[PDB]
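Asker: Sequence plus experimental coordinates follow:
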Amino acid sequence: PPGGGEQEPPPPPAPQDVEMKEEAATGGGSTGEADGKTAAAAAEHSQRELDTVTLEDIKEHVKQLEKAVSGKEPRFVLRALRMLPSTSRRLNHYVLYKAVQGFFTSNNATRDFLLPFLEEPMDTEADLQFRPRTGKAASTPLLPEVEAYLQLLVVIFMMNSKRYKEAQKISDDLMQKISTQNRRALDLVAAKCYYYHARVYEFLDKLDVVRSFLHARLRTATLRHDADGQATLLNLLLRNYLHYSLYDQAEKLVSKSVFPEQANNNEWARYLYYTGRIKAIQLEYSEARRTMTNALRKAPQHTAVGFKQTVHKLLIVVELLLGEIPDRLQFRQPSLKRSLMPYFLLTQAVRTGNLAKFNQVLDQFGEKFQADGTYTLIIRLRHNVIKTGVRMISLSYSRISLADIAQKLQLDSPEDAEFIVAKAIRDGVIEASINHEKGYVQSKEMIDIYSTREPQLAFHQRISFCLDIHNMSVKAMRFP
Amino acid sequence: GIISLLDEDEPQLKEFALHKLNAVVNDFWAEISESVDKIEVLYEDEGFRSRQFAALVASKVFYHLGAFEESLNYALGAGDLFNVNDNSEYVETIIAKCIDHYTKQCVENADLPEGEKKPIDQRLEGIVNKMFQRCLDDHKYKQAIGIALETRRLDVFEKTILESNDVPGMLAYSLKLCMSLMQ
Amino acid sequence: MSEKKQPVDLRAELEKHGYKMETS
Amino acid sequence: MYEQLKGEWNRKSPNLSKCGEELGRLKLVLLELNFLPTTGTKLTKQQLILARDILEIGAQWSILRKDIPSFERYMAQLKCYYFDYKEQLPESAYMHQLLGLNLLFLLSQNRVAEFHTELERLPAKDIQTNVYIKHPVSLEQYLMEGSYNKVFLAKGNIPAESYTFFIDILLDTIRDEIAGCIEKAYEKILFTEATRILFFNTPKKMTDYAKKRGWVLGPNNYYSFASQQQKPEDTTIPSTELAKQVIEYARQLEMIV
Amino acid sequence: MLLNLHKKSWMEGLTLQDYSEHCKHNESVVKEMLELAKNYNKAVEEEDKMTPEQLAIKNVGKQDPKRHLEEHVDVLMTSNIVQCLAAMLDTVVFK
């Protein structure tokens, strides 16, 4: 008891400092950044806010409860106040409440007091200049609080932050005018709590009412604030719309646009994983392997944790349907390994041309196939076994009888033996010629050609268009 | 895919189809894309009294598909039921496209200067002075003289300078704004 | 990051090759 | 109240007149409740379920008359019914196979994309039971096998069920696409195995294709001559576009400059 | 005219001959100087691949660059002479 009682005081001071000065220096600094320059945007505290939010998402967040200085909620949410020279007095009032909190119990517990608190900014009337400061002062307690998952009486409080964000959405439909240099930070912050829309709604069932609401927000941002807005909202669309049918494959067709410019960073890569599974549902394997590889290869630096391992998991699925895959056991991480353990023997069965080896993988690992969600291609891969199996033996064997190859091709009668190779040439597999009497399959090859034209002529536009973009970057980054 | 109802002959299934459209189209905004060619069956049929609203929903799917001038063409063929209802935001876009195309059509006809001028539909110029009633009723001279400079025509502009109250001397420095941006 | 997506969730052969001789 | 509605469901229809009469009574249902947007009080959606049954048999009648716009209309109604914002509905016997049997015709006509996106709704409903999925996918593997043989044996055993004129066009789109996926280009083969290509005994389809193919008609044999074919060189035909390639590329070089 | 008289040097002798003399040689022994140019490819670019690693050691630019820039781009401009003047063969040989 004395140890646990005296170890309570040490923890709070760290949130009492960094959690106090995180939105004070970044948010209060963004106030001066939003007064001037305006360049145009930047607003580097918006990306610094991303660093602080992602910092809280690990440790320590805020609430929950923690029983440490719950008076931080009324601190920033009250006392604009009101015009800038009067706000300076309230900038001293934060220090006044620092002394009040340094004297008495400092209101270490709020809970049901969030009802007057969250409505106090509406009692001030008003900030009135910066809506992102009002939305952030209310959300910063509540957004990390969603990670508690208590599911009692505070879920509707998260919904109240969603209503405050809807007031942020109506103001996202009006002012402008003109260059709402704060709406990019509103795109950032709202995309977060739009994913908190996803989490809080997923506590019970699908959000479908918010699918029409997301389409209302996604379409009302057109065309003005779509920049960096439409990208995050399209992932908010694509993610759960990939979980719930339907039509998103043809919906993103008419939705594009592209939509440029890609922001922010890994956002477009993960979008190419989301739409990567989409474009993989059309089964064209050149665009699917390029969108899946570009999804993972374009994503630094992690941690955390396993979904960046999931894009790598589903990445080589289209490579399994290509007919040739390397053994990936050397790419296993300490985490991704234990997650894909069935998928290991799966791609090992894809390398081999044995049917029973692949079918036993299906019967045993079908439970993990339910966990991943990819099924339909597991039964049709038997056609990849007959095409890779015939690619194997044909190129392999000098002249193979249709009765001897019939074991690995499982039928290979005297009739279909013609089509196996012939319709493989239709798919561009093997050139083997067969004169059918008994018969026997005599595989030869003569090709000397290509390896030339498209690679070098494309490399011209590749390199040139690249260095042109690198011009568009460097030439435009010299403002300082 | 509610557009499949249009294959049946009698128009009452079409009015019930668009009654399905105007509500749940939020998720179906992209669904009508491939079937717009089937919407053309209603848009090109004169004996169909609801072809107007058929051009409304066709202008909505074209609004989601990114088509602007095409949505303006169907806005002209959307009759009276189009201009009467404005909610959400369908307005600022189509009136931006309408005013833009209108003022550049007026500039096109102003260089002729006279004769051979292209035909101007009464509805696209109808929502010009009708939506300008917002500028006349709200008593905003800055925007009123703004659109008055856009139309490039002396008649409706003569009505803007004829609006009530004052504007005692405001035409003077308004011409300073004109000559500043004058081409 | 931690932002965005990720926080959501013939043998060798020895014996057989030596046996091929004495098989036939 | 209202009806008589499902009285013709057990007897089906002797001709298309009763199908059009059912379309008329269903039109009266469309005159009152229509398809939407009545949430309810799902008691008003009870006759929507009673409509789903006759719309399922309406799709069986639509394929019975072979008319494509009919089927895809009632299939879109069944889709939007299961796609409606309220998913919970009384379970219907055809609710499962209407996805899979249409999927059977969908993939067995050689569509490799729409199979994945048809079952991409959610995997759970497809995994549980009543699986018709195994036949079409292996059938497609027997399309490039090709078959013919194992498909004709699979033409004797079909799930099926109640969908016929779909598999009729499915067979037609199989026959012509075999002649499209064979040559060019394949090498020399013998006669009696081209009798094994199209099977039957000596059908007139072997004369229709041996003409269409062309290719070659040899005695007791067939050839790919001549040769393999047309012998692309390509000589200097690509050299002109090779010149043009750097024509506008040196133009891009001057754009830097 | 006296301007074009000395321009005969860098343009062509007759404005026809000298670059029809470039149609005389025309890659002919002109690949020998392409072999020496591709020897300048191997020579200069084998020490050009040593440059960016050293840039990572010294951190970074010694000002520099070695230049060791452009060069064989001009050889590719002679490749524009290759593609153009050889595309004239289709006009020369046929009618």
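Answerer: Alright, I've got the coordinates. Residues are numbered from 1 along each chain as shown, chains lettered A, B, ... in the order given.
Asker: Tell me where the chain has strands.
Answerer: Picked chain A for this. Counting by DSSP state E, chain A has strands at residues A:399-401, A:433-435, A:440-442.
Asker: I was thinking of chain D, sorry if that wasn't clear
Answerer: Secondary structure of chain D by DSSP E: the strands cover D:189-190, D:221-222.
Asker: Would you mind giving the ones you listed as TSV with mean neighbour count and distance to residue B:118 added?
Answerer: (Each C-beta comes from the backbone N, C-alpha and C, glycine too.) What follows is the strands of chain D, written out as TSV (neighbours: other C-beta atoms under 10 Å in any protein chain shown; distance: least, C-beta to C-beta, whole Å):
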stretch	mean neighbour count	distance to residue B:118
strand D:189-190	20	67
strand D:221-222	18	65
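Asker: Those into CSV, with extra columns for distance to residue A:336?
Answerer: Converted to CSV, the strands of chain D look like this (distance: least, C-beta to C-beta, whole Å):
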stretch, distance to residue A:336
strand D:189-190, 49
strand D:221-222, 53
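Asker: Which one, of those, ends up nearest to chain A?
Answerer: Of all these, it is strand D:189-190 that lies closest to chain A, at 5.1 Å by C-beta to the nearest C-beta.
Asker: Who are the contact partners of residue A:411?
Answerer: Shown in contact with residue A:411 (C-beta atoms under 8 Å, 6 or more residues apart in numbering or on different chains): D:145, D:150.
Asker: Let's see that with 7 Å instead.
Answerer: residue D:150 (C-beta atoms under 7 Å, 6 or more residues apart in numbering or on different chains).
Asker: and if you look at the one 3 residues further on?
Answerer: The neighbours of residue A:414, taking C-beta under 7 Å, 6+ apart as the test, are A:402, A:436, A:439, D:193, D:196.
Asker: any chance of these in JSON lines, with neighbour count too?
Answerer: Putting the contacts of residue A:414 into JSON lines (neighbours: other C-beta atoms under 10 Å in any protein chain shown) gives the following:
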{"residue": "A:402", "neighbour count": "22"}
{"residue": "A:436", "neighbour count": "20"}
{"residue": "A:439", "neighbour count": "19"}
{"residue": "D:193", "neighbour count": "19"}
{"residue": "D:196", "neighbour count": "20"}
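Asker: Quick check: of these, which lies closest to chain B?
Answerer: Ranked by distance to chain B (C-beta to the nearest C-beta), these are led by residue D:196 at 41.8 Å.
Asker: So what's the residue count around the residue nearest to the closest one when sequence neighbours are not counted?
Answerer: Here the nearest residue to residue D:196 in space, its sequence neighbours aside, is residue A:415; by C-beta to C-beta, 6 or more residues apart in numbering or on different chains that works out to 3.6 Å. Close neighbours of residue A:415, defined as other C-beta atoms under 10 Å in any protein chain shown, add up to 23.
Asker: how close does residue A:415 get to residue D:220?
Answerer: Applying C-beta to C-beta, to the nearest Å, the value for residue A:415 to residue D:220 is 17 Å.
Asker: tell me the contacts of the closest residue to chain B within the stretch 251-400 of chain A?
Answerer: Taking C-beta to the nearest C-beta, chain B has its nearest neighbour within the stretch 251-400 of chain A at residue A:251, 3.9 Å off. Taking C-beta under 7 Å, 6+ apart, we find residue A:251 in contact with residue B:30.
Asker: State the distance from it to residue A:215.
Answerer: Taken as C-beta to C-beta, the span from residue A:251 to residue A:215 is 10 Å.
Asker: can you count the residues close to the residue nearest to residue D:212 when sequence neighbours are not counted?
Answerer: Among residues not flanking residue D:212 along the chain, residue D:179 sits closest, at 6.4 Å (C-beta to C-beta, 6+ apart). Residues lying near residue D:179 (other C-beta under 10 Å) number 16.
Asker: Correct me if wrong: residue D:179 contacts residue D:210.
Answerer: No - applying C-beta atoms under 7 Å as the test, residue D:179 and residue D:210 come out as separate, 10.1 Å apart.
Asker: Just give me the residue closest to the centre of the chain.
Answerer: You didn't say which chain, so I picked chain A. For chain A, the residue sitting closest to the mean C-alpha position, by C-alpha atoms, centre = their mean, is residue A:270 at 4.4 Å.
Asker: nope, chain E
Answerer: Most central in chain E (C-alpha atoms, centre = their mean) works out to residue E:75, at 2.4 Å.
Asker: Verify the stated contact: that residue with residue E:37.
Answerer: Yes - taking contacts as C-beta under 7 Å, residue E:75 lies within contact range of residue E:37: 4.6 Å.
Asker: In contact with residue A:116, which residues?
Answerer: Contacts for residue A:116 (C-beta under 7 Å, 6+ apart) come out as none.
Asker: and what of residue A:402?
Answerer: Residue A:402 neighbours (C-beta under 7 Å, 6+ apart): A:412, A:414, A:417, A:439, A:441.
Asker: now, among those, which is nearest to chain D?
Answerer: The closest of the contacts of residue A:402 to chain D turns out to be residue A:414 (C-beta to the nearest C-beta; 6.7 Å).
Asker: what does chain E have sitting close to chain D?
Answerer: By the rule C-beta under 7 Å from any C-beta of the partner chain, the part of chain E lying against chain D is E:79, E:80, E:83, E:84, E:86, E:87, E:90.
Asker: So which of the residues you listed sit within helices?
Answerer: Among these, the ones falling in helices (DSSP state H) are E:79, E:80, E:83, E:84, E:86, E:87, E:90.
Asker: Chain C: which of those residues is nearest?
Answerer: For these, the nearest to chain C is residue E:79 (46.0 Å; C-beta to the nearest C-beta).
Asker: how near is residue B:137 to residue B:159?
Answerer: Taking C-beta to C-beta, one finds residue B:137 at 14 Å from residue B:159.
Asker: Those two: which is more packed in?
Answerer: More neighbours surround residue B:159 than the other of residue B:137 and residue B:159, with 14 against 8 (other C-beta under 10 Å).
Asker: Got phi/psi on the more buried one?
Answerer: When read as degrees, to the nearest 10, the backbone of residue B:159 gives phi -80, psi -30.
Asker: Any residue of stretch B:52-72 touching chain A?
Answerer: Yes - judged by C-beta under 7 Å from any C-beta, stretch B:52-72 comes into contact with chain A at B:64, B:65.
Asker: And stretch A:80-87, what's buried?
Answerer: Neighbour-count burial for stretch A:80-87 flags A:80, A:87 (criterion: 16 or more other C-beta atoms under 10 Å in any protein chain shown).
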